[PDB]
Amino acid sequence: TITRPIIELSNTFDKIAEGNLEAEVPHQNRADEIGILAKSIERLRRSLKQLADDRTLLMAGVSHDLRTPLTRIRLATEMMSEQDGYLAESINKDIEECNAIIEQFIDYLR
């Protein structure tokens, strides 16, 4: 009927849901309701692929962005007085720990 295209779309939807985020969604250029459905499935695929890529790039992003304030904290410790030297060292060690924590985080997931 329109049976075959629906089954092909469902099969593709399945393959995408299971991880093949680059699979081509068929029937997007059909003129009837199947084309409407196919375009909606393509929008789901694009959402999935966005969120997948985002999850993969997350840690690198977090590290990159946190670098700016963490570096400013370190620079502030560089400017602390002799009287406050012990606190400069303590804070700097806390920064080093923040850096280690960020760098090491992915090791736990692998």
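Numbers follow the displayed sequence, beginning with 1.
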On average, are the C-alpha B-factors higher in 63 to 71 or in 22 to 30?
22 to 30
I need to verify one thing: averaged over C-alpha atoms only, is the B-factor higher for 53 to 61 or for 37 to 45?
53 to 61
Using the temperature factors of the C-alpha atoms in this entry, rank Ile16 within its chain: lowest, middle or highest third.
lowest
Per the entry's values, where does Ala88 land by CA temperature factor relative to the rest of its chain, in the lowest, middle or highest third?
lowest
If you rank every modelled residue in this chain by C-alpha B factor, which third holds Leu9: lowest, middle or highest?
lowest
Lowest, middle or highest third: where is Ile95 by Cα B-factor in its chain?
lowest
